[PDB]
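Heads up: numbering here begins at 1 and tracks the sequence. First listed ligand is number 1; within each ligand, the first listed atom is number 1. Just so it is clear, the values below take in all heavy atoms, side chains as well, and ignore hydrogens, waters and symmetry mates.
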Amino acid sequence: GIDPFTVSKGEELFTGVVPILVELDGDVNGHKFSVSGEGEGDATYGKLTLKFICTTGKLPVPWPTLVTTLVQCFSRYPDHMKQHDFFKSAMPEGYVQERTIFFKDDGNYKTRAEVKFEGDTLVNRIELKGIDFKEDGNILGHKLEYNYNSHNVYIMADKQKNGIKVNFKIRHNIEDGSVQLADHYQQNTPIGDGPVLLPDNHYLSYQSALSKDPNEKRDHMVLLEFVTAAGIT
Ligand code: NA
């Protein structure tokens, strides 16, 4: 376990503005790519501000399809729900997030992310594997609009893994006015062996805004996100 003179642990680590670093290696139908991200999280306000860069050249999938993969420890938990915040409770040692994302009538992503502090910086290191995609489909054919809807993310305890299980549905707008559904199944497990907060059923309410940096010539995404826990009282 951690040093019992650790200065900041659990939710204490999130009372201020925290630098964030994200690193992702991906392979979707053999199209390999990497993404790096930097920004800040201010959990008191549920606020994330990040800029992501495809470091290998052109991103072979639409940026919106990576939003859910690219640090739920920055969610704003109401005071009356603080005992349900698994994500912060696992820090600084961190947690592993695993997902399968089923794109309706297309392929799936499977992801594994390790989220932990490296000093003052909250780091998310991710591997993403996509298979079974249609080369001329909405994903590999880049037919998804550069925008994002608000969603609820449903969280319950997984006592067997000393963690949580999560599911939700993302609707990505297609350029023809239709919808590309992405069904997310998720589990998180702590990296350390200490106590964590196993929550009652609740959800996170997400808002996401995607933009471009007018001075950035690399393939990139600027993301502004607000996340608030809810559904208890
Ligand atoms: Na309860």
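Protein N/O/S atoms closer than 3.0 Å to the Na ion (ligand 1), listed by chain and residue number, are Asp200 OD1, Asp200 OD2.
Checked against the 6.0 Å centroid criterion, the rings of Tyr77 and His202 qualify as a close aromatic pair.
Residue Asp193 qualifies as open at atom CG: its count of foreign heavy atoms under 6.0 Å is 12 or below.
Applying the ring-ring contact (aromatic ring centres under 6.0 Å, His included) test to residues at least two apart or on different chains, the pairs with a partner in residues 3-25 are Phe14-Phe74, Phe14-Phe117.
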Can you list, pair by pair, the side-chain donor-acceptor contacts under 3.5 Å of residues 40-48, counting residues two or more places apart and other chains?
residue : atom : partner : partner atom : Å
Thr44   : OG1  : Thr15   : O            : 3.3

Could you pull out all donor-acceptor pairs under 3.5 Å where a side-chain atom in residues 30-38 meets a protein atom, sequence neighbours excluded?
residue : atom : partner : partner atom : Å
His31   : NE2  : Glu135  : OE2          : 2.7
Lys32   : NZ   : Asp27   : OD2          : 2.9
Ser34   : OG   : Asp25   : OD1          : 2.8

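Considering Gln180, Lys104, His172 in turn, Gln180 is the only one that fulfils the side-chain hydrogen bond (donor to acceptor under 3.5 Å, both in side chains) rule with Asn138.
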